[PDB]
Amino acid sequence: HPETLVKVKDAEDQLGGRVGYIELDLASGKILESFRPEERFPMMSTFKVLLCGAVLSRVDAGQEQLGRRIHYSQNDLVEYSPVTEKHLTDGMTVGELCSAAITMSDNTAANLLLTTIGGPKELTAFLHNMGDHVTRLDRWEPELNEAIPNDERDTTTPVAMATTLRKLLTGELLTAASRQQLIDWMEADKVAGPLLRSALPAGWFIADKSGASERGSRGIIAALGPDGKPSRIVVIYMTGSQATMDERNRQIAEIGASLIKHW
């Protein structure tokens, strides 16, 4: 029942640490509501959407193909690689790797993709090149995660991430086909059930990507809207608390319910 902003502040009171929140209109790009919009939070696995954005950009520039098959070895596997560990013989295409990174948060998939473009620093250059001088990626998986306190490495701000996500999903930075492919992968997210999706009514569209660090942090970026069409971008970051994963998940779910009931 509580207003979104009230619920967000409540969440922070309960969890400790900091909670960052922003809602932007997809069409206009106007900020509808926010909390700690310009403060830095760790991106965690939410960066994987940006990564595949840079990938699709290379596809649009004719420097990459989603169908290009990549072979790797057991030496390349890092923690949490549910998809890539199953394809040591047949490998995976660039498209499949992006699907795995986004829909399953596969870590090796992200690392392989990062190699195709020259590493974390090259992703940062891509961000700078599209007008995002705030967001920065510094490390690989899984080090880029968890999460030492307000160390600026591998961080963004609610408003920076939201603005950058809007530029990727709308506008002419990517071709229409690539824009659709990006949101398609996000729609198929398979590991964000307990979050915003748990509070979404029937017939609503949602495309999202979550992130998490063993202890302290949690995040979700999403494009959602009623009647099977996305109309708003929501970004929620949490960090610096000693609360359990269950509590973190619950608070996000409650913030999502407030957003919907007050749409």
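One rule holds for the numbers: they count along the sequence shown, beginning at 1.
Once the C-alpha B-factors are averaged per stretch, 63-71 and 201-209 rank with 201-209 first.
Of the two segments examined, 84-92 and 128-136, it is 128-136 that shows the higher average Cα temperature factor in the deposited entry. Of the candidates 172, 154, 189, 184, it is 172 whose Cα B-factor is highest according to the PDB record. Highest C-alpha temperature factor among 180, 150, 111, 105 per the entry: 150.
In the deposited entry, the Cα temperature factor of residue 236 sits in the bottom third of values across the chain's modelled residues. Ranked against the other modelled residues of its chain, the C-alpha B-factor of residue 225 as given in the entry falls in the middle third.
Sort the modelled residues of the chain by CA B factor and residue 77 lands in the highest third. Remark: residue 120 belongs to the highest third of its chain, ranked by C-alpha B-factor as recorded. Ranked within its chain, residue 215 lands in the highest third, by CA B factor from the PDB record.
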